[PDB]
Amino acid sequence: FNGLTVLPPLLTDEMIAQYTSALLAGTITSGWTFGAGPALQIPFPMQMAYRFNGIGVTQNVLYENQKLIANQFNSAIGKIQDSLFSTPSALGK
Amino acid sequence: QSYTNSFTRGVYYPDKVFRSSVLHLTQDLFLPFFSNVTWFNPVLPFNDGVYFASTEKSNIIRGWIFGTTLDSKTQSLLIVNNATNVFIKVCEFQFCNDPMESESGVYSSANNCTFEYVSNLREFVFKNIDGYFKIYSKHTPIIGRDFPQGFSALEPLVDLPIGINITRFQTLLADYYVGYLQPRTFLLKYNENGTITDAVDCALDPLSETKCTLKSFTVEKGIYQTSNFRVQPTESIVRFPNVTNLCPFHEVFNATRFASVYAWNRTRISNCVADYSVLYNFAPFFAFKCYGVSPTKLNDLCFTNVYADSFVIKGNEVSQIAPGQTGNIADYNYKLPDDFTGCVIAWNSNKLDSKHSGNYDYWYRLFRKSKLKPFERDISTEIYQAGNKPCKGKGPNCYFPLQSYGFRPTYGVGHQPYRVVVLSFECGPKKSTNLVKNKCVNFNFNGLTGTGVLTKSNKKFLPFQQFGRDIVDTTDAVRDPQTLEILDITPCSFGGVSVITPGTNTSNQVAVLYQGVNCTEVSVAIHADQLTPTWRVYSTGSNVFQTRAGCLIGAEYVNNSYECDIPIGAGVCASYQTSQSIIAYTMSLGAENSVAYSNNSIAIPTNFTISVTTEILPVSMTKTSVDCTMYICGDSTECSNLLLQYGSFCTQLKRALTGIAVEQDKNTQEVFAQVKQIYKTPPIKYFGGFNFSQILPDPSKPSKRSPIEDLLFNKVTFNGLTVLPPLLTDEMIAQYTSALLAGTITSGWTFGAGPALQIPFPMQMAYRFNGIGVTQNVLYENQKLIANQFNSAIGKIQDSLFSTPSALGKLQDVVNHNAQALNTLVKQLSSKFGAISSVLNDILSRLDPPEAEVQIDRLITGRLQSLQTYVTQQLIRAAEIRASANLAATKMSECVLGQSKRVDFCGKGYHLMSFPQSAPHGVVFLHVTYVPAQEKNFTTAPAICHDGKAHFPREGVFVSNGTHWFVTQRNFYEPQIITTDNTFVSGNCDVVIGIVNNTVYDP
Amino acid sequence: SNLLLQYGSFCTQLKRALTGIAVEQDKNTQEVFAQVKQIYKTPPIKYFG
Amino acid sequence: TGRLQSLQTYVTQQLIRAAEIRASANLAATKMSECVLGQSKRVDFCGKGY
Amino acid sequence: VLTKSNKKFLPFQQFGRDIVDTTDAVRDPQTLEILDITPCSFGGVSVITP
Ligand SMILES: *[C@@H]1O[C@H](CO)[C@@H](O[C@@H]2O[C@H](CO)[C@@H](O)[C@H](O)[C@H]2NC(C)=O)[C@H](O)[C@H]1NC(C)=O
Ligand SMILES: *[C@@H]1O[C@H](CO)[C@@H](O)[C@H](O)[C@H]1NC(C)=O
Ligand SMILES: *[C@@H]1O[C@H](CO)[C@@H](O)[C@H](O)[C@H]1NC(C)=O
Ligand SMILES: *[C@@H]1O[C@H](CO)[C@@H](O)[C@H](O)[C@H]1NC(C)=O
Ligand SMILES: *[C@@H]1O[C@H](CO)[C@@H](O)[C@H](O)[C@H]1NC(C)=O
Ligand SMILES: *[C@@H]1O[C@H](CO)[C@@H](O)[C@H](O)[C@H]1NC(C)=O
Ligand SMILES: *[C@@H]1O[C@H](CO)[C@@H](O)[C@H](O)[C@H]1NC(C)=O
Ligand SMILES: *[C@@H]1O[C@H](CO)[C@@H](O)[C@H](O)[C@H]1NC(C)=O
Ligand SMILES: *[C@@H]1O[C@H](CO)[C@@H](O)[C@H](O)[C@H]1NC(C)=O
Ligand SMILES: *[C@@H]1O[C@H](CO)[C@@H](O)[C@H](O)[C@H]1NC(C)=O
């Protein structure tokens, strides 16, 4: 330009992706605890049981409908890939 | 005759302004640091001031001789000085003494000696500026003659109003060091008295430029923005179309016969290149009087009207050919206008306008009963009447109104025929040069001027388009006017340079990041003297690194990975390591840690830590009130009247500032005054082992502040601007802090939702464990230890603030930002704003009010823009601090007046409690949190299939130590034997995946 | 440049504001994305229920 | 004067947009510290529904 | 208000300013006495009305 300069961000996109991957891996393996100290491992069907307990739903239902819920999630995430892909105004902000 | 370096010598007092312990950055003709100094009766040229340090005790130096040639034209200055008093004679002589009573004063002459004046390590700054010869003397008689690399200011000794020309200087003899001065920028440090004890250069080193920028002599570790680099232009090229000499020149300029001199030819020079300068060589043009423009070449500008004229005149008559002149030509032939901007070119034409028998052919008008006007043609051929009787023919005083020139070859310059071209306007001089490519160069293509790099273009122009633009509306591509070729205008490389330093105290080596530039490009620019930041960091061949942020020529890249210390950009960061040097590394985003996830693998901690963390929040800002009239106008009635015409700008600014002040008051009111009644701590002071000494008020001192509050307070530190005191005094704020803390430590969180309800502190902490999914039985089971942990943690806090001086960075930043805003506001009072001066009083008693109105208006506009900018900045910062104060109020209403379940809101872990502490313009939250530790790997199963039915823990987790299956709390290892009161049943043993057979014993 | 020199520290104020904005952006992304102590890897190969 | 007023307008607009984006980034940090690093009980904060 | 000053002017400095470039000290050669220039008292007035 004419004196304007766009300074690149300190955190490169690869580093931001690495932070995202680390947060997501800690969320899916160690659950919610990694943000309050050392990451404590726990199987995902147990963390989902805890999260059902956190909304006034006893964990049994989760197990009592484990696989179905997975498919629901497996379906829901799929629609996201389409929802962002089809609508061009999804990333409006 | 050796060459040395001037270490820090050559600092003189620039102005008689006393200053006390300041850092003043001034630009003047200084002696650059570490410059090359000649150590020595040869002739030394006087290049715009010289630093002369004569070091002798034998008094060999007997003064100075100053001048340019000493040829009895210039005032040769003769200066002598024995020890303290200087005898100065500004004489004018051919020679000095050099072409007991060991003195020779013969010189050569004393003619026109207008002025005489009387008054070991003798250093003198000799300058000639503003008609003043300025000699600055430091006569420090050190014992010896060796050149000391030391510091000493130079006081102003003498100023003499000479107003003469000086180019050379020689030393009177009957050693010394000489250095030259250049216009530089220096940061002078005046001490308490007016003693400039230190000076920092600005053109040397990246380190001694951040000092100039920050107005300080000690910089802290970090990266500092500084001046912007640019690759300077290398050459300059001006290009024009194929020079069409085809103007009506040769037929007009080189015709054997013209018409009558009064009847000039319409030599209309339009729509062609008026390159008639070559014809200067065709004929010996003698009377070349170009009054408005004097082209020795003329090929660029296009103009509408030329009104060119052709004349045939004598020699000793051009005196009447001048703008606004009167005489025979002006009053009879053609009047030249007062603003006559054109070329009168008369050339002798004996070889083409003379003949043997007499060239009686060129008539000129001598008599006319009318006066010519500019840009007029006289057609009147009537015989002039000079007698009362009617004029018909010769005889009486009736001359033919045209006299024929008697052109002869024997006549002199004043009578030889001159053929004259008169260019009389109501092109552009420059010869086209060769086109350069791929070089940062100035270009002047067909009048379009700029700077940039011209390369080959693939853009196809339609055969009428000359320029080329973009959405930015900048000239991107130009087609060559001469060779008809297209080429783009890629601009010269530029950007910002930043200086990375580990701090003045740590070291002095630095790094420089030329942002957004190729290392090859910057190295090439360095090689062929192309960079504007004239200082060059010494290239070693390994101290140059390339990254997406730019070229970092200050350090070496290491393949190692460390946490970021000084952010460089694009992940790359720089840090000092000890051998001792600056290194650049890719930022390591912490240690990589893979959690060993499995189908059946859980880890429950068996221990914990009661951690305490500090959370510093700005809550308020300094309340500032500005009197618009007094700030803008120094109690001047005229300025007030002029300001009155600008509407309610002063009223608007006052309203905004008052709103900001009341907003600050409401901010501290909302943050600290959420408690109805001031609560008092009990006198017993025992809280079940918890200490609470550093946070409770300490009565054995004034202000009744806690020791941590005392550390916080001791750790943080004119012209219409007034700092209004806050409504709530710091004692009152401390009283609110004490009341909140006492209600927290006696009634717990109950005092925030109603009347305070007393409760023993261990019981309150037990319920706070209940609030984070840890049964109260833990606390009682580990009371003492936990208390000690808390007692330890808080203790470390007292050291953490004490040891680290950068802990209260945010509040100090707020205070410094307000101080900087006020300092800028008052410093722009000295800004001239394109006016005569920055003081209204001088303008008033220097100019009449009608003229002074313009200058006062300019100053008013500048100061009003300054005030508006300050007010808008304060409004933005007030909104920011309002958001921060709302956050602080939310924390005090949730972290302090209760236990918050929001993660990472009231601390880095499971929140237990929080304690507020007042701080200057802010609050500090001591967040007490539960951080589990001492993990233990375990095997888990979502269910338990005992009586053919699945069993799930009511609130626990099923774990196994290899052999026996227990259920435990999911935040603290407490195994328990599985029973019916401990699990609940749902269905049979088929849907659950990780179900495991076991026994559920009934009690 | 000389004419602009008489307008006081306008350019200095603008540069300080812009640098504050830049470091604010860096701090924004630091606060948003760097709340994790250590980089965690996914298990070598495994599903999650 | 014209160009410096343009610069001041641009800088003020950037400051206001920076305050807006700072509020947005604070909200994003709060979400990642309350919706990602834990389960939030606030209604319609981490999405429409429980 | 012109009061006795303790600022040691070296015998070449006529004026004396501060970091704000406000002349906080002057000395007339006739008196040759260094004196500070602390300004006339001012401020604001505010009306408390019920
Ligand atoms: C809580 O801790 C403080 C600080 O250790 C105790 O106060 C005194 O601390 C100094 C050392 O800084 C000791 O020499 C004193 O003996 C301590 N006590 C007294 C009475 O001055 C404080 O006593 C501790 N709390 C309680 C209730 O004992
Ligand atoms: C200033 O000059 C006085 C003269 O008496 C001296 O006492 C004082 O120490 C000096 N201060 C400094 C810092 O040079
Ligand atoms: C004008 O130029 C023509 C030749 O082009 C010449 O014959 C004529 O006499 C000239 N008249 C004057 C006034 O020069
Ligand atoms: C005309 O051209 C001839 C050569 O052909 C030259 O000698 C003469 O001086 C020129 N006169 C003018 C006025 O150009
Ligand atoms: C710098 O220019 C060279 C030219 O050959 C090129 O190879 C290199 O990639 C460029 N570097 C950058 C940072 O663009
Ligand atoms: C978990 O169980 C599934 C069931 O098919 C199996 O595929 C997977 O390998 C198991 N994971 C282990 C044993 O780590
Ligand atoms: C937990 O750690 C503390 C020291 O921090 C120690 O005193 C205590 O005994 C430990 N508890 C267990 C269960 O190991
Ligand atoms: C996981 O726990 C088992 C025992 O339950 C142990 O043998 C193994 O080493 C642990 N793995 C870890 C701590 O990574
Ligand atoms: C498991 O815990 C039980 C309960 O006391 C103990 O008797 C047994 O030795 C423990 N075994 C292992 C392998 O930890
Ligand atoms: C649990 O025991 C039942 C019989 O009591 C058996 O049918 C079932 O397969 C067992 N489950 C496992 C996982 O061993």
# chains A, B, ... in the order shown; residues from 1 in each chain; ligands from 1
>>> residues_around(residues="residue 456 in chain B", least_positions_apart="4", cutoff="10 Å", atoms="only C-alpha atoms", output="ChimeraX atom specification")
/B:437-438,477,485-489
>>> write_last_selection(atoms="N, CA, C and O atoms", output="mmCIF file, in the first residue's frame")
data_model
loop_
_atom_site.group_PDB
_atom_site.id
_atom_site.type_symbol
_atom_site.label_atom_id
_atom_site.label_comp_id
_atom_site.auth_asym_id
_atom_site.auth_seq_id
_atom_site.Cartn_x
_atom_site.Cartn_y
_atom_site.Cartn_z
ATOM 1 N N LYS B 437 14.976 -0.694 -15.398
ATOM 2 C CA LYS B 437 13.999 -1.683 -14.969
ATOM 3 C C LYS B 437 14.510 -2.400 -13.730
ATOM 4 O O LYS B 437 15.722 -2.514 -13.516
ATOM 5 N N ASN B 438 13.567 -2.877 -12.917
ATOM 6 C CA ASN B 438 13.865 -3.733 -11.766
ATOM 7 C C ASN B 438 14.749 -3.020 -10.746
ATOM 8 O O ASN B 438 15.487 -3.648 -9.985
ATOM 9 N N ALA B 477 0.083 0.674 -13.768
ATOM 10 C CA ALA B 477 0.838 0.376 -14.978
ATOM 11 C C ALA B 477 0.812 1.597 -15.881
ATOM 12 O O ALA B 477 -0.236 2.231 -16.033
ATOM 13 N N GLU B 485 5.692 1.082 -24.917
ATOM 14 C CA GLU B 485 5.708 -0.204 -24.237
ATOM 15 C C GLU B 485 5.076 -0.074 -22.857
ATOM 16 O O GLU B 485 5.167 0.973 -22.209
ATOM 17 N N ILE B 486 4.439 -1.154 -22.410
ATOM 18 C CA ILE B 486 3.673 -1.173 -21.167
ATOM 19 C C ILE B 486 4.532 -1.758 -20.055
ATOM 20 O O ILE B 486 5.283 -2.718 -20.276
ATOM 21 N N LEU B 487 4.440 -1.173 -18.859
ATOM 22 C CA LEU B 487 5.233 -1.625 -17.726
ATOM 23 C C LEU B 487 4.557 -1.197 -16.428
ATOM 24 O O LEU B 487 4.028 -0.088 -16.326
ATOM 25 N N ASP B 488 4.573 -2.091 -15.442
ATOM 26 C CA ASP B 488 3.905 -1.848 -14.172
ATOM 27 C C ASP B 488 4.802 -1.069 -13.209
ATOM 28 O O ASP B 488 6.001 -0.889 -13.434
ATOM 29 N N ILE B 489 4.194 -0.607 -12.116
ATOM 30 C CA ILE B 489 4.788 0.403 -11.246
ATOM 31 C C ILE B 489 4.884 -0.139 -9.817
ATOM 32 O O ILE B 489 4.606 0.573 -8.845
#
>>> closest_atom_pairs(of="chain B", to="ligand 7", cutoff="7 Å", atoms="only C-alpha atoms and all ligand atoms", output="Markdown table")
| residue | atom | partner | partner_atom_place_in_ligand_line | distance |
| --- | --- | --- | --- | --- |
| B:606 | CA | ligand 7 | 13 (C) | 5.9 |
| B:607 | CA | ligand 7 | 1 (C) | 5.0 |
| B:608 | CA | ligand 7 | 1 (C) | 6.5 |
| B:609 | CA | ligand 7 | 5 (O) | 6.7 |
| B:785 | CA | ligand 7 | 7 (O) | 6.9 |
>>> residues_near_ligand(ligand="ligand 5", cutoff="12 Å", atoms="only C-alpha atoms and all ligand atoms", output="PyMOL selection string")
chain B and resi 514-524+545-552
>>> write_last_selection(atoms="N, CA and C atoms", output="compact mmCIF listing (two decimals), in the first residue's frame")
# COMPACT_ATOMS: atom_id res chain seq x y z
N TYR B 514 13.23 -6.58 10.21
CA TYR B 514 12.69 -5.84 9.07
C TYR B 514 11.43 -6.58 8.65
N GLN B 515 10.28 -6.03 9.02
CA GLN B 515 9.02 -6.74 8.85
C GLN B 515 8.62 -6.82 7.38
N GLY B 516 8.17 -8.00 6.97
CA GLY B 516 7.60 -8.21 5.65
C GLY B 516 8.52 -7.89 4.49
N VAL B 517 9.75 -8.39 4.52
CA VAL B 517 10.70 -8.14 3.45
C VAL B 517 11.56 -9.38 3.25
N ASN B 518 11.99 -9.59 2.00
CA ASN B 518 12.86 -10.70 1.67
C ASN B 518 14.26 -10.45 2.22
N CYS B 519 14.87 -11.49 2.78
CA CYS B 519 16.24 -11.36 3.27
C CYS B 519 17.22 -11.08 2.14
N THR B 520 17.02 -11.71 0.98
CA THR B 520 17.85 -11.38 -0.17
C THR B 520 17.70 -9.92 -0.55
N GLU B 521 16.46 -9.42 -0.58
CA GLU B 521 16.21 -8.03 -0.94
C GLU B 521 16.84 -7.08 0.06
N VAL B 522 16.67 -7.34 1.36
CA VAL B 522 17.21 -6.44 2.37
C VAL B 522 18.73 -6.49 2.37
N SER B 523 19.31 -7.67 2.14
CA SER B 523 20.77 -7.77 2.06
C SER B 523 21.31 -7.01 0.86
N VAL B 524 20.63 -7.12 -0.28
CA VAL B 524 21.05 -6.38 -1.47
C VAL B 524 20.95 -4.88 -1.22
N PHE B 545 18.17 -14.27 9.71
CA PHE B 545 17.15 -15.30 9.66
C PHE B 545 15.96 -14.80 8.84
N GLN B 546 15.26 -15.74 8.21
CA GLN B 546 14.11 -15.44 7.38
C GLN B 546 12.87 -16.09 7.98
N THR B 547 11.77 -15.35 8.03
CA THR B 547 10.51 -15.88 8.54
C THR B 547 9.36 -15.11 7.91
N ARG B 548 8.15 -15.65 8.07
CA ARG B 548 6.98 -15.02 7.47
C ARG B 548 6.73 -13.62 8.01
N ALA B 549 7.24 -13.31 9.20
CA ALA B 549 7.14 -11.95 9.72
C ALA B 549 8.10 -10.99 9.04
N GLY B 550 9.24 -11.48 8.57
CA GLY B 550 10.21 -10.63 7.91
C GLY B 550 11.60 -11.22 8.04
N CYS B 551 12.59 -10.35 7.90
CA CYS B 551 13.99 -10.75 8.02
C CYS B 551 14.54 -10.25 9.35
N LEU B 552 14.99 -11.19 10.18
CA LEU B 552 15.51 -10.89 11.51
C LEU B 552 17.04 -10.98 11.44
>>> residues_near_ligand(ligand="ligand 3", cutoff="10 Å", atoms="only C-alpha atoms and all ligand atoms", output="ChimeraX atom specification")
/B:248-267,309-312,419-421
>>> interface_residues(of="chain D", to="chain C", cutoff="8 Å", atoms="only C-alpha atoms", output="PyMOL selection string")
chain D and resi 8+11+15+18+22+25-26+28-29+32-33
>>> residues_around(residues="range 801-813 of chain B", least_positions_apart="2", cutoff="10 Å", atoms="only C-alpha atoms", output="PDB file with N, CA and C atoms, in the first residue's frame")
ATOM      1  N   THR B 614      -3.688 -14.836  42.283  1.00  0.00           N
ATOM      2  CA  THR B 614      -4.053 -13.428  42.266  1.00  0.00           C
ATOM      3  C   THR B 614      -4.715 -13.087  40.939  1.00  0.00           C
ATOM      4  N   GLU B 615      -5.757 -12.264  41.007  1.00  0.00           N
ATOM      5  CA  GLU B 615      -6.492 -11.821  39.827  1.00  0.00           C
ATOM      6  C   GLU B 615      -6.686 -10.317  39.954  1.00  0.00           C
ATOM      7  N   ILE B 616      -5.936  -9.550  39.171  1.00  0.00           N
ATOM      8  CA  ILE B 616      -5.890  -8.098  39.299  1.00  0.00           C
ATOM      9  C   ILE B 616      -6.811  -7.487  38.254  1.00  0.00           C
ATOM     10  N   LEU B 617      -7.701  -6.594  38.690  1.00  0.00           N
ATOM     11  CA  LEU B 617      -8.691  -6.005  37.803  1.00  0.00           C
ATOM     12  C   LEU B 617      -8.741  -4.494  37.996  1.00  0.00           C
ATOM     13  N   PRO B 618      -8.627  -3.708  36.927  1.00  0.00           N
ATOM     14  CA  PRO B 618      -8.885  -2.269  37.049  1.00  0.00           C
ATOM     15  C   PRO B 618     -10.360  -2.012  37.305  1.00  0.00           C
ATOM     16  N   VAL B 619     -10.638  -1.032  38.162  1.00  0.00           N
ATOM     17  CA  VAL B 619     -12.008  -0.759  38.575  1.00  0.00           C
ATOM     18  C   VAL B 619     -12.365   0.696  38.297  1.00  0.00           C
ATOM     19  N   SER B 620     -11.365   1.571  38.288  1.00  0.00           N
ATOM     20  CA  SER B 620     -11.619   3.000  38.187  1.00  0.00           C
ATOM     21  C   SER B 620     -10.563   3.646  37.305  1.00  0.00           C
ATOM     22  N   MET B 621     -10.756   4.936  37.049  1.00  0.00           N
ATOM     23  CA  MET B 621      -9.829   5.745  36.278  1.00  0.00           C
ATOM     24  C   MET B 621      -9.775   7.121  36.920  1.00  0.00           C
ATOM     25  N   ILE B 708      -1.110  -7.312  52.928  1.00  0.00           N
ATOM     26  CA  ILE B 708      -1.134  -7.470  51.477  1.00  0.00           C
ATOM     27  C   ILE B 708      -1.627  -6.192  50.815  1.00  0.00           C
ATOM     28  N   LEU B 711       1.286  -3.869  50.759  1.00  0.00           N
ATOM     29  CA  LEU B 711       2.201  -4.178  49.666  1.00  0.00           C
ATOM     30  C   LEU B 711       1.647  -3.696  48.333  1.00  0.00           C
ATOM     31  N   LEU B 712       0.348  -3.898  48.104  1.00  0.00           N
ATOM     32  CA  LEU B 712      -0.269  -3.438  46.863  1.00  0.00           C
ATOM     33  C   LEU B 712      -0.175  -1.923  46.728  1.00  0.00           C
ATOM     34  N   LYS B 715       3.356  -0.811  46.084  1.00  0.00           N
ATOM     35  CA  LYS B 715       3.887  -1.322  44.830  1.00  0.00           C
ATOM     36  C   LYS B 715       3.427  -0.530  43.615  1.00  0.00           C
ATOM     37  N   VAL B 716       2.319   0.197  43.720  1.00  0.00           N
ATOM     38  CA  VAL B 716       1.775   0.989  42.623  1.00  0.00           C
ATOM     39  C   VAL B 716       1.865   2.460  43.001  1.00  0.00           C
ATOM     40  N   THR B 717       2.438   3.261  42.109  1.00  0.00           N
ATOM     41  CA  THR B 717       2.584   4.692  42.337  1.00  0.00           C
ATOM     42  C   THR B 717       1.468   5.469  41.647  1.00  0.00           C
ATOM     43  N   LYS B 796       3.012 -17.620  50.258  1.00  0.00           N
ATOM     44  CA  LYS B 796       3.690 -17.477  48.978  1.00  0.00           C
ATOM     45  C   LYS B 796       3.153 -16.282  48.209  1.00  0.00           C
ATOM     46  N   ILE B 797       1.843 -16.033  48.300  1.00  0.00           N
ATOM     47  CA  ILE B 797       1.268 -14.868  47.639  1.00  0.00           C
ATOM     48  C   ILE B 797       1.969 -13.603  48.107  1.00  0.00           C
ATOM     49  N   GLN B 798       2.193 -13.486  49.418  1.00  0.00           N
ATOM     50  CA  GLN B 798       2.857 -12.300  49.946  1.00  0.00           C
ATOM     51  C   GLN B 798       4.234 -12.129  49.321  1.00  0.00           C
ATOM     52  N   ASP B 799       4.932 -13.240  49.077  1.00  0.00           N
ATOM     53  CA  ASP B 799       6.218 -13.154  48.395  1.00  0.00           C
ATOM     54  C   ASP B 799       6.033 -12.957  46.896  1.00  0.00           C
ATOM     55  N   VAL B 815      -2.777   3.511  34.998  1.00  0.00           N
ATOM     56  CA  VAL B 815      -2.271   4.774  35.533  1.00  0.00           C
ATOM     57  C   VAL B 815      -1.345   5.444  34.523  1.00  0.00           C
ATOM     58  N   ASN B 816      -0.450   4.661  33.917  1.00  0.00           N
ATOM     59  CA  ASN B 816       0.494   5.207  32.949  1.00  0.00           C
ATOM     60  C   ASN B 816      -0.215   5.693  31.694  1.00  0.00           C
ATOM     61  N   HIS B 817      -1.285   5.011  31.281  1.00  0.00           N
ATOM     62  CA  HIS B 817      -2.044   5.462  30.121  1.00  0.00           C
ATOM     63  C   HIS B 817      -2.712   6.802  30.392  1.00  0.00           C
ATOM     64  N   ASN B 818      -3.318   6.955  31.573  1.00  0.00           N
ATOM     65  CA  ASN B 818      -3.915   8.245  31.912  1.00  0.00           C
ATOM     66  C   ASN B 818      -2.854   9.339  31.985  1.00  0.00           C
ATOM     67  N   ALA B 819      -1.706   9.030  32.594  1.00  0.00           N
ATOM     68  CA  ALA B 819      -0.628  10.008  32.689  1.00  0.00           C
ATOM     69  C   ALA B 819      -0.108  10.393  31.309  1.00  0.00           C
ATOM     70  N   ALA B 919      -6.913  -1.916  45.792  1.00  0.00           N
ATOM     71  CA  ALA B 919      -5.657  -1.503  45.192  1.00  0.00           C
ATOM     72  C   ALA B 919      -5.888  -0.173  44.497  1.00  0.00           C
ATOM     73  N   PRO B 920      -4.835   0.615  44.284  1.00  0.00           N
ATOM     74  CA  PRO B 920      -5.011   1.915  43.618  1.00  0.00           C
ATOM     75  C   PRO B 920      -5.728   1.763  42.285  1.00  0.00           C
ATOM     76  N   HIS B 921      -6.959   2.277  42.235  1.00  0.00           N
ATOM     77  CA  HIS B 921      -7.790   2.249  41.031  1.00  0.00           C
ATOM     78  C   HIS B 921      -8.086   0.821  40.582  1.00  0.00           C
ATOM     79  N   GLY B 922      -8.278  -0.083  41.534  1.00  0.00           N
ATOM     80  CA  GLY B 922      -8.593  -1.443  41.141  1.00  0.00           C
ATOM     81  C   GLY B 922      -8.786  -2.355  42.331  1.00  0.00           C
ATOM     82  N   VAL B 923      -9.017  -3.622  42.009  1.00  0.00           N
ATOM     83  CA  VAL B 923      -9.234  -4.659  43.003  1.00  0.00           C
ATOM     84  C   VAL B 923      -8.307  -5.824  42.689  1.00  0.00           C
ATOM     85  N   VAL B 924      -7.969  -6.584  43.725  1.00  0.00           N
ATOM     86  CA  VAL B 924      -7.169  -7.792  43.595  1.00  0.00           C
ATOM     87  C   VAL B 924      -7.921  -8.919  44.285  1.00  0.00           C
TER      88      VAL B 924
END
>>> residues_around(residues="residue 47 in chain C", least_positions_apart="2", cutoff="12 Å", atoms="only C-alpha atoms", output="VMD selection string")
(chain A and resid 28 to 29 43 to 45 70) or (chain B and resid 597 to 599) or (chain C and resid 42 to 45 49)
>>> write_last_selection(atoms="N, CA, C and O atoms", output="CSV table (one decimal), in the first residue's frame")
chain,number,residue,atom,x,y,z
A,28,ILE,N,-12.2,-35.0,24.9
A,28,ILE,CA,-12.7,-36.3,24.5
A,28,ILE,C,-12.1,-37.4,25.3
A,28,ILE,O,-12.7,-38.5,25.5
A,29,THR,N,-10.8,-37.3,25.7
A,29,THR,CA,-10.2,-38.3,26.5
A,29,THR,C,-10.3,-38.1,28.0
A,29,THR,O,-10.8,-39.0,28.7
A,43,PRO,N,-13.2,-43.1,30.1
A,43,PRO,CA,-13.9,-43.5,28.8
A,43,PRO,C,-15.0,-42.5,28.5
A,43,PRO,O,-15.7,-42.0,29.3
A,44,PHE,N,-15.1,-42.2,27.2
A,44,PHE,CA,-16.1,-41.3,26.7
A,44,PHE,C,-17.6,-41.6,27.1
A,44,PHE,O,-18.3,-40.7,27.5
A,45,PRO,N,-18.0,-42.9,27.0
A,45,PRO,CA,-19.4,-43.2,27.5
A,45,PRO,C,-19.5,-42.9,29.0
A,45,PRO,O,-20.7,-42.9,29.5
A,70,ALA,N,-25.1,-42.2,20.0
A,70,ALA,CA,-23.9,-42.1,19.1
A,70,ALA,C,-24.4,-41.8,17.7
A,70,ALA,O,-23.9,-40.8,17.1
B,597,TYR,N,-5.9,-42.9,26.9
B,597,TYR,CA,-7.3,-43.3,26.8
B,597,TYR,C,-7.4,-44.8,26.5
B,597,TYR,O,-6.6,-45.3,25.7
B,598,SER,N,-8.4,-45.4,27.0
B,598,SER,CA,-8.7,-46.8,26.8
B,598,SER,C,-10.2,-47.1,27.0
B,598,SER,O,-10.9,-46.2,27.6
B,599,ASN,N,-10.7,-48.2,26.6
B,599,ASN,CA,-12.1,-48.6,26.8
B,599,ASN,C,-12.4,-48.6,28.3
B,599,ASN,O,-13.5,-48.2,28.7
C,42,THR,N,-4.4,-37.2,20.4
C,42,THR,CA,-5.4,-38.2,20.4
C,42,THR,C,-4.7,-39.6,20.6
C,42,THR,O,-3.5,-39.7,20.4
C,43,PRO,N,-5.5,-40.6,21.0
C,43,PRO,CA,-4.9,-41.9,21.1
C,43,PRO,C,-4.5,-42.4,19.8
C,43,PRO,O,-5.0,-42.0,18.7
C,44,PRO,N,-3.5,-43.3,19.7
C,44,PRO,CA,-2.9,-43.8,18.5
C,44,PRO,C,-4.0,-44.2,17.5
C,44,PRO,O,-4.1,-43.7,16.3
C,45,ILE,N,-4.9,-45.1,17.9
C,45,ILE,CA,-6.1,-45.5,17.1
C,45,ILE,C,-7.1,-46.0,18.1
C,45,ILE,O,-6.8,-47.0,18.8
C,49,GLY,N,-16.8,-45.0,21.9
C,49,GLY,CA,-18.1,-45.4,22.3
C,49,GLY,C,-19.1,-45.3,21.1
C,49,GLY,O,-20.3,-45.3,21.4
>>> interface_residues(of="chain C", to="chain B", cutoff="6 Å", atoms="only C-alpha atoms", output="PyMOL selection string")
chain C and resi 6-8+38-41
>>> closest_residue(among="E:1, E:47, E:30, E:38", to="chain B", atoms="only C-alpha atoms")
E:38
